[PDB]
Amino acid sequence: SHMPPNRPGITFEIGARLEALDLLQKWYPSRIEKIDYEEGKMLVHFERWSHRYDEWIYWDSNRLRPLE
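For the sequence shown, the positions run 208 to 275 when our numbering is used.
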């Protein structure tokens with residue numbers, strides 16, 4: 208589908224916050240920088256990390272969860 212999935216506690220908007228799993232399998236509070244509706248992926252920034260670690264993650268990924 209052309210719309211993000213219903214993932215309760217995740218808001219699919221630019222600047223919304225969630226928790227994201229990095230490439231070393233650690234969870235960090237993160238921010239949505241961009242949303243690609245064609246590829247169904249979002250550019251995720253890991254808070255208090257360099258933007259060099261920013262990653263395109265599929266919006267249905269198990270690497271995304273709600274920030275409580």
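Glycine included, every Cβ here is placed at the ideal spot set by N, Cα and C.
Between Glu254 and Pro236, the C-beta spacing is below 7 Å.
In terms of Cβ geometry, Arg238 and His258 do not form a close pair [threshold 7 Å]. Closest in C-alpha terms to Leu230, from the list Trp263, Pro273 and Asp267, comes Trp263. Counting every other CB atom within 10 Å of its CB across the protein chains shown gives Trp234 a total below 16, marking it as exposed. Sixteen is the threshold: since fewer than 16 other Cβ atoms of the shown chains lie within 10 Å of the Cβ of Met210, the residue is exposed. By the Cβ neighbour-count rule, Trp256 is exposed, with fewer than 16 other Cβ atoms within 10 Å of its own.
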